[PDB]
Asker: 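Have a look at the structure that comes next, please.
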Amino acid sequence: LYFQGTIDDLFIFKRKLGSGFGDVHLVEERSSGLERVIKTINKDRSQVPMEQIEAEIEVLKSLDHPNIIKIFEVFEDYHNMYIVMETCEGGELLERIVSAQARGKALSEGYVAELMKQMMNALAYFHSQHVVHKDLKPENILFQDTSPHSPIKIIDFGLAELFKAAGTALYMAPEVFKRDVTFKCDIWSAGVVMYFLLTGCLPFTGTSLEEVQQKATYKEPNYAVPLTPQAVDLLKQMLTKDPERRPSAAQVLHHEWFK
Amino acid sequence: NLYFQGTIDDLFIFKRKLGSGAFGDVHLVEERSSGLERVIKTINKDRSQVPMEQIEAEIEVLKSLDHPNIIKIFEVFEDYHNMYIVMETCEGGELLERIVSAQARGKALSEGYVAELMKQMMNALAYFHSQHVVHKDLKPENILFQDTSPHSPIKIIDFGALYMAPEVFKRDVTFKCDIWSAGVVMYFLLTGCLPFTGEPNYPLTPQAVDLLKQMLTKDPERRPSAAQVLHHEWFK
Amino acid sequence: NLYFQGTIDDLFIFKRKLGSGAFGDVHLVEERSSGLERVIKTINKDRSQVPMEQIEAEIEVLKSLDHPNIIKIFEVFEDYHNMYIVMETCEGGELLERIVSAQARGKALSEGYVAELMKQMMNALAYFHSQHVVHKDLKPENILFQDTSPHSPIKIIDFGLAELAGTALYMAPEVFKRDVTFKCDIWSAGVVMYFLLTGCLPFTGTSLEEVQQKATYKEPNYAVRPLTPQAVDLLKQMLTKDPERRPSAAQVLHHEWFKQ
Amino acid sequence: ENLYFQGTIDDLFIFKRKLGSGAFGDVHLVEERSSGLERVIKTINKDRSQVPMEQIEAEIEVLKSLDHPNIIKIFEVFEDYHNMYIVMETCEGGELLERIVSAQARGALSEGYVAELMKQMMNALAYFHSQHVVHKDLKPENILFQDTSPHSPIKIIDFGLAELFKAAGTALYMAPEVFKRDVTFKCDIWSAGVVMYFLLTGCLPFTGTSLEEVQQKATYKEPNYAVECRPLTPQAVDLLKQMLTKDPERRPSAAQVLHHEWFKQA
Amino acid sequence: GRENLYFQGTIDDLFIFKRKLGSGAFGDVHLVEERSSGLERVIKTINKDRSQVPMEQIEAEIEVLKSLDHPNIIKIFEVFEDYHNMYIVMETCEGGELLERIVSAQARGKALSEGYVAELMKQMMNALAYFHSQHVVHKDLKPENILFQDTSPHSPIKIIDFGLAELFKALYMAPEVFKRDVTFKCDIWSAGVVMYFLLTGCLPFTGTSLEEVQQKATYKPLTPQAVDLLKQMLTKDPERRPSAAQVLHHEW
Amino acid sequence: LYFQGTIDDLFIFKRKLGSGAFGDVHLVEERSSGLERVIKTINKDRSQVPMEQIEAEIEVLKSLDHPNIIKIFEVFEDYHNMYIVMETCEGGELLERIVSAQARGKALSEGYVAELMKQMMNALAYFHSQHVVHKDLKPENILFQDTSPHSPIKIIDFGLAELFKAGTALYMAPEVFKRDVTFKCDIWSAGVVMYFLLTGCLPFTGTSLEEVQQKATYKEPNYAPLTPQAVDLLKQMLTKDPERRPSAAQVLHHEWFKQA
Ligand SMILES: Nc1ncnc2c1ncn2[C@@H]1O[C@@H](COP(=O)(O)OP(=O)(O)NP(=O)(O)O)[C@@H](O)[C@H]1O
Ligand SMILES: Nc1ncnc2c1ncn2[C@@H]1O[C@@H](COP(=O)(O)OP(=O)(O)NP(=O)(O)O)[C@@H](O)[C@H]1O
Ligand SMILES: Nc1ncnc2c1ncn2[C@@H]1O[C@@H](COP(=O)(O)OP(=O)(O)NP(=O)(O)O)[C@@H](O)[C@H]1O
Ligand SMILES: Nc1ncnc2c1ncn2[C@@H]1O[C@@H](COP(=O)(O)OP(=O)(O)NP(=O)(O)O)[C@@H](O)[C@H]1O
Ligand SMILES: Nc1ncnc2c1ncn2[C@@H]1O[C@@H](COP(=O)(O)OP(=O)(O)NP(=O)(O)O)[C@@H](O)[C@H]1O
Ligand SMILES: Nc1ncnc2c1ncn2[C@@H]1O[C@@H](COP(=O)(O)OP(=O)(O)NP(=O)(O)O)[C@@H](O)[C@H]1O
Ligand SMILES: [Ca+2]
Ligand SMILES: [Ca+2]
Ligand SMILES: [Ca+2]
Ligand SMILES: [Mg+2]
Ligand SMILES: [Mg+2]
Ligand SMILES: [Mg+2]
Ligand SMILES: [Mg+2]
Ligand SMILES: [Mg+2]
Ligand SMILES: [Mg+2]
């Protein structure tokens with residue numbers, strides 16, 4: 001199906017939200033006047049054939065879940081692809097964590113449990129659809145609105161391996177460093193988010209990429225510097241260095257901590 | 001040109017067939033993204049007698065028609081077999097149904113009511129003429145009410161023998177052709193019947209019968225433009 | 001009082017003339033600030049035959065009429081030339097069309113349906129009579145439907161302003177003698193009711209004199225279109241020649257007819 | 001685990017206007033005091049119950065579960081001591097009959113237009129038959145338009161409750177076998193057939209001065225096709241004959257009707 | 001079953017329970033979606049097995065709370081009830097707790113305007129004057145029990161969480177409350193404590209124990225006329241403490 | 001054009017948002033529509049110039065139609081006051097975004113500031129072409145439409161101070177002190193805002209008005225983690241000589257907007 005015109009005739013590109021590989025834009029649809037977000041994928045950097053990319057995006061679009069970002073339409077011209085998505089208005093999960101440490105307080109186990117409930121439900125769903133996110137972190141989790149009880153929405157599903165420092169590895173499972181990419185790395189990254197939400201600290205910090213990865217590979221994270229036992233138990237489960245013994249998304253949901 | 005990942009059925013839910021023309025269907029549709037109601041005129045490329053370039057350029061200009069009394073064309077899509085014109089929904093519907101209504105109910109339409117409808121029609125005509133477009137096929141069934149309200153605006157649809165000017169039979173199709181057709185519409189709206197059935201028999205006010213003679217003047221060259229028609233005293 | 005920096009044109013976009021009376025014209029408008037549709041009654045102050053203070057007073061009372069069956073007036077503006085009454089818009093249209101359409105289809109309006117209309121009408125009357133307003137010109141052309149649904153509520157429009165056949169078919173006998181009281185509205189409503197249920201006006205003639213004298217002395221035909229005895233009773237009550245003995249709107253509402 | 005609202009229906013709903021008095025109880029235009037969204041409520045008196053109230057709730061729950069663009073949406077059902085209140089969406093169209101009568105006045109509804117209504121109708125029937133529901137009372141007065149647009153979709157209302165609660169118009173649409181108390185999903189096909197006939201001809205296929213006259217005509221008489229179906233295509237008449245087949249066993253299902261050539265023609 | 005209106009189905013047929021917002025002393029609080037409208041609501045579940053009083057008094061007390069129709073009180077639409085629970089269905093607030101704006105201010109380093117706190121106190125005192133004329137004592141006025149309707153800087157407030165603790169089973173407690181004297185004046189005291197907190201960023205009677213705060217509350221940069229109102233509202237004897245309508249008439 | 005009642009007949013005054021030298025600001029509900037608005041009340045008695053000049057400056061402000069300028073719907077007037085009726089912004093002042101960043105010790109990215117500056121300079125280009133000098137640009141006179149991170153900005157509070165009757169001095173161009181007021185002073189103020197947004201500091205601080213003036217007139221700001229191109233634009237926008245200071249349209253063409 002071809003459209004008579006270009007993206008500019010379909011959308012008013014209002015502002016650049018970011019860039020990677022390709023820009024992210026706040027957008028208005030010309031026909032309905034409805035606000036959207038467009039992620040532009042420059043097909044230039046495609047170091048893998050577009051057939052495996054067209055398919056991988058096709059399945060991300062099929063992801064229908066209240067805590068996964070909604071993609072409406074995917075458009076393509078000669079140079080680049082345009083992923084048209086719903087707009088989130090409540091900012092990144094990172095802002096809620098940063099505002100917590102700045103205000104000199106903590107996030108409740110109850111509030112965090114509820115947030116993890118939405119997150120793991122999303123992970124359970126897209127893992128069923130055989131998707132691995134590969135880049136889960138607070139800046140890739142958005143609030144739909146600005147209310148305290150705003151639901152969560154996972155964005156920026158990882159496609160980087162198909163386009164080829166210290167801060168990047170902070171959420172990376174130890175096995176990923178050996179190029180073993182499995183859905184179980186999502187569980188690890190989710191667990192790091194959880195640790196971060198509950199303590200205000202990251203479990204494996206460092207001045208370099210190597211420090212982070214060696215620390216995450218061999219050291220158990222500090223638990224002392226104020227969590228409940230059932231919270232720690234689930235964390236110790238989600239942060240098991242060995243992917244084989246790390247639980248799936250469905251089994252995390254069945255933990256005592258969500259009670 | 002821009003490619004979409006999927007088909008016309010991936011963008012639209014086709015609800016009901018409103019009609020079938022000589023070169024395609026007209027459907028009530030729902031846009032899946034927004035849940036918004038549109039109508040799609042499907043054009044069968046098979047029935048094209050002229051290279052696609054000419055038919056494509058003719059449509060793109062129509063898409064550009066932005067006037068409160070012309071149908072809004074939102075977007076146009078294409079596959080191997082069809083073109084798809086996505087337009088706004090009118091809930092009125094046909095102006096014909098207003099004539100047929102008064103026709104059966106005895107009384108005729110107010111001169112003041114018809115004056116307002118002609119004003120909208122001519123304002124629309126003057127606009128698309130300045131954009132270098134001839135409609136070719138104006139008739140009460142190609143004019144829709146936007147809603148079910150008694151005071152609803154009209155919207156001209158279906159841009160392309162009872163409404164045909166004498167010039168058109170000799171292949172002389174020009175911007176004046178629409179004026180004749182509109183003059184025939186105005187006659188039908190005021191009298192209750194068509195002017196040339198099978199020179200016209202005429203009751204109406206003096207200032208009104210003067211306009212019908214002007215608009216339905218048999219020579220295209222002497223026929224007034226829509227812009228000058230709107231300057232007539234019958235509107236005042 | 002307040003002044004606006006501009007004109008009614010800076011404030012409203014006049015879309016279409018809906019009609020034209022003796023006092024002025026009626027327009028479908030759009031408010032520039034909201035894009036919201038209104039209808040404006042323009043009143044040419046030239047045609048005032050009474051001091052303009054009394055006209056401002058009546059219109060002010062009309063604006064305060066807040067009821068689900070009386071047209072809502074939002075604001076009144078005025079030029080050196082005109083008064084501008086800013087009203088909500090009905091998608092309607094007139095009640096007359098509902099009657100006319102029934103004659104064409106040959107299908108008489110059910111009492112159950114007319115009961116509901118009369119219930120809304122009489123409620124509106126009970127309310128605006130409560131506020132010392134006499135409409136003076138009730139008839140099917142002056143009652144609009146809010147929307148196009150079979151069950152649309154009604155809105156009474158065009159409260160009378162005679163301070164600046166046809167209407168005569170709905171006129172109370174005592175109005176011809178220049179006795180205007182809230183009772184004349186009850187009469188008009190009765191004529192509406194009769195018209196609704198029978199598809200006929202009760203007092204018909206070829207002259208204004210013929211109509212007036214029939215209204216004053218003739219008893220209407222109650223057997224045309226079979227009416228229930230309770231409907232007939234109420235009609236007779238509402239169409240009683242003597243205003244002093246004609247019931248109030250509040251009283252009409254308590255009739256046994258509105259129980260079926 | 002019975003749930004109760006603290007108050008009465010009157011605390012929950014303002015009753016604005018009586019729409020009418022149905023075969024089982026009144027119908028009202030209604031406003032929710034909370035929202036305050038418009039609804040219509042059907043009030044059925046439990047006095048009239050012919051079966052245990054537990055069983056009526058079960059059968060009403062099945063009707064509530066019916067989710068289709070051409071089936072009236074029931075939001076909630078409440079009860080007090082005397083009444084059951086069915087809370088449903090408001091249609092603004094209103095009755096299919098009104099459109100038939102208007103065509104009879106103007107001179108009749110075109111085959112193309114009626115083809116689209118029947119599509120929506122039979123789709124709805126295929127759906128609710130698959131949910132094991134028999135309507136039993138299909139007729140133009142029991143089919144509503146959502147709005148007054150020429151192209152408004154329809155909504156089937158007033159599903160029959162005759163076996164739950166204790167007319168002359170319904171007789172005109174009633175299949176031969178239901179007179180003999182054999183009531184299956186095929187009786188809805190007949191009724192839809194009678195509606196189709198009426199939409200296309202402006203005439204009912206079977207008329208009489210008495211109930212018995214109507215019954216026997218429906219049972220044995222072939223409709224006056226030659227006189228009444230003059231403007232109709234042969235494939236339309238073929239489908240009418242199929243839907244108005246006397247023996248229900250040979251009558252087609254809603255699914256099969258939907259495969260008829262008439263729908264594929266125009 | 002107390003002659004209430006019967007619903008065909010359960011609370012799950014009416015509502016999608018989306019998110020748990022908190023766990024109270026005798027029930028939960030949920031973010032909820034009404035199935036029929038798709039409208040968002042908040043439900044307070046009350047566990048009936050936790051009551052220490054006949055269920056009639058509970059229903060009657062919630063009844064008048066439901067009758068509270070004011071721009072600065074939380075709107076209750078309906079109350080439902082099964083065998084185990086009551087479900088208080090209320091409107092959704094989206095701006096968070098008043099406590100947030102106080103915690104956020106002291107962290108940034110600045111203090112809130114007199115003008116801002118006055119307008120907020122005006123909305124609050126208007127709400128009290130209203131529900132006092134309806135013979136309701138809140139009993140638990142505090143920054144976490146006052147929400148902003150929306151997230152705008154000029155958002156109105158809604159009072160939530162009217163006290164009900166006594167029917168079941170210190171910083172804002174009036175002195176007479178420690179001695180079982182529960183009166184509408186105690187809301188006035190609480191309101192005064194919130195105001196002091198809004199204007200200073202400190203709680204007027206701060207301690208680390210009940211007996212520590214109870215004794216200090218019993219005997220212990222803001223403009224003069226602001227302190228004048230604070231002193232009136234924080235009068236130890238409820239008899240000499242002004243009403244809500246009286247506080248409104250203050251020059252501040 | 002005259003309105004029937006008074007200002008309280010068409011607006012409900014909900015909340016007082018602030019107070020100025022020549023009036024107040026209120027959050028308001030419109031009675032007809034129920035729509036939220038903001039009303040700026042101008043006290044007429046506090047005027048220093050003829051009333052006609054104020055009427056006229058306000059008129060052209062209302063003509064300002066731009067996605068990044070506060071929309072004025074209408075202006076009303078009684079004997080005591082003028083009433084500017086505006087759209088509502090929900091996102092708070094821009095100053096709050098800067099104050100919040102200093103509290104988190106973090107810095108507003110150049111990419112975020114570039115977009116913000118793009119919108120602002122676009123608004124400046126527009127209203128400068130309409131012969132309007134704002135005269136009082138600063139982060140408290142820039143509001144966010146909504147509370148979302150990516151909310152557009154709306155400039156409010158176009159200066160009128162010299163038509164009536166230090167911290168505004170912090171954004172005041174050197175030539176404004178010498179009573180030379182042109183569109184160039186807006187560029188300076190826009191530069192000061194950009195400086196504030198990028199560094200978390202104001203370029204010229206003073207314990208008194210005299211210190212701020214002299215610093216702004218003769219002293220260079222401390223430019224030392226900004227990119228060379230940011231410093232280049234700041235230096236240009238903060239050029240002492242207005243003659244050599246770039247226009248808003250010129251500023252839009254700068255390289256800094258291209259890279260971020
Ligand atoms: N659907 C959306 N709705 C609202 N905001 C969004 C949406 N998607 C992304 N954003 C925001 O826009 C983003 C801009 O930067 P970002 O998305 O990090 O760049 P990127 O293209 O992911 N490259 P990198 O930084 O290498 O990951 C973040 O600020 C998101 O919060
Ligand atoms: N934009 C629109 N909104 C609503 N209805 C429309 C629109 N465009 C067309 N229609 C309706 O759909 C049409 C059906 O097809 P159309 O061909 O236009 O009519 P027709 O009587 O079939 N004439 P033809 O097909 O040329 O013989 C008419 O019923 C119109 O009223
Ligand atoms: N609020 C309204 N909404 C929609 N239509 C309206 C409204 N008020 C009036 N109208 C219509 O406009 C009217 C035109 O005037 P009409 O009443 O026909 O002539 P008149 O009564 O003799 N004198 P006047 O109406 O005062 O000009 C009728 O068409 C009404 O149906
Ligand atoms: N969901 C709905 N929305 C709108 N209207 C409805 C709805 N359900 C029913 N109605 C209307 O209310 C019905 C009233 O039932 P009906 O059996 O006609 O009562 P009645 O007054 O006895 N009429 P009749 O039987 O002709 O004498 C019909 O008029 C429907 O058009
Ligand atoms: N109407 C409402 N809209 C939005 N949020 C609400 C509403 N009512 C309550 N909340 C939030 O839900 C609450 C969670 O429960 P909370 O009020 O903290 O405990 P509680 O149930 O009152 N008992 P306690 O723990 O003793 O305070 C707080 O987060 C409120 O901000
Ligand atoms: N259109 C608007 N929408 C939302 N808030 C607004 C709007 N206009 C002004 N405000 C707010 O109201 C203001 C309070 O008054 P303020 O703007 O300080 O008065 P002023 O006219 O600037 N006089 P001064 O501050 O003494 O120079 C600020 O808090 C703004 O954030
Ligand atoms: Ca689209
Ligand atoms: Ca207004
Ligand atoms: Ca409800
Ligand atoms: Mg990202
Ligand atoms: Mg056509
Ligand atoms: Mg009139
Ligand atoms: Mg029925
Ligand atoms: Mg609480
Ligand atoms: Mg200011």
Side-chain angles (χ1 to χ4, degrees), chain B residues 12 14-30 32 35-42 44 71 87-104 106 140-155 157-158 192, chain D residues 67-71 73 89-96 98-105 107-124 126-127 143-148 150-156 199 202 233 235-236 258 260-263 266:
Chain B
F12 294 98
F14 280 77
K15 282 145 86 176
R16 67 125 63 183
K17 192 197 288 295
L18 298 169
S20 308
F23 47 87
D25 303 309
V26 188
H27 290 270
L28 188 63
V29 306
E30 181 176 317
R32 310 178 95 108
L36 287 169
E37 181 162 277
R38 304 282 192 249
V39 15
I40 298 173
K41 199 169 207 167
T42 297
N44 293 117
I71 201 73
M87 72 198 86
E88 71 185 323
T89 309
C90 294
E91 280 110 281
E94 303 191 337
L95 177 63
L96 180 68
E97 256 77 355
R98 209 82 142 210
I99 301 157
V100 174
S101 197
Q103 161 200 122
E141 40 265 285
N142 281 346
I143 303 165
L144 301 182
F145 287 109
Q146 199 201 246
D147 56 62
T148 52
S149 151
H151 56 257
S152 176
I154 59 159
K155 293 207 168 153
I157 59 147
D158 290 16
Chain D
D67 181 17
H68 192 269
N70 305 117
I71 294 167
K73 167 100 138 306
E89 63 181 332
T90 307
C91 292
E92 266 118 289
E95 285 181 11
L96 178 52
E98 297 168 49
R99 214 143 298 191
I100 297 173
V101 167
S102 270
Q104 289 175 339
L109 283 174
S110 80
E111 222 174 291
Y113 172 85
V114 172
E116 295 291 312
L117 291 184
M118 295 309 297
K119 218 191 293 286
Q120 287 174 24
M121 196 178 177
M122 297 310 101
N123 272 332
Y127 170 81
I143 299 165
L144 301 193
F145 287 111
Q146 185 47 44
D147 58 58
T148 51
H151 48 78
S152 179
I154 53 167
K155 247 99 179 228
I156 298 158
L199 287 163
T233 64
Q235 32 281 122
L258 233 20
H260 200 280
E261 171 73 9
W262 184 62
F263 292 108

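Atoms considered below: every heavy atom in the structure, side chains included; atoms not considered: hydrogens, waters and symmetry mates. The sequence lines fix the lettering, A, B, ..., with proteins before strands; numbering per chain opens at 1.
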Asker: Quick one: closest heavy-atom pair of B:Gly93 and D:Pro150, and the distance?
Answerer: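 Reported closest heavy-atom pair: N-CG, 3.5 Å.
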Asker: Using the rule given for side chain to side chain contact (heavy atoms under 4.5 Å, CB included), can you reason through D:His151 versus B:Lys15, listing the C-alpha separation, both sets of side-chain angles and the distance that settles it, and then say yes or no?
Answerer: CA-CA 10 Å; D:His151 48 78; B:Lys15 282 145 86 176; over 6 Å; no
Asker: For a 4.5 angstrom cut-off between non-hydrogen side-chain atoms, does B:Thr148 reach D:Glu92?
Answerer: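 A side-chain contact is absent here, since even the closest heavy-atom pair is not under 4.5 Å.
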Asker: State whether the side chain of D:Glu116 and the backbone N or O of B:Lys17 hold a donor-acceptor pair below 3.5 Å, judged by distance alone.
Answerer: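 Between the backbone of B:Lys17 and the side chain of D:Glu116 there is a qualifying donor-acceptor contact (under 3.5 Å).
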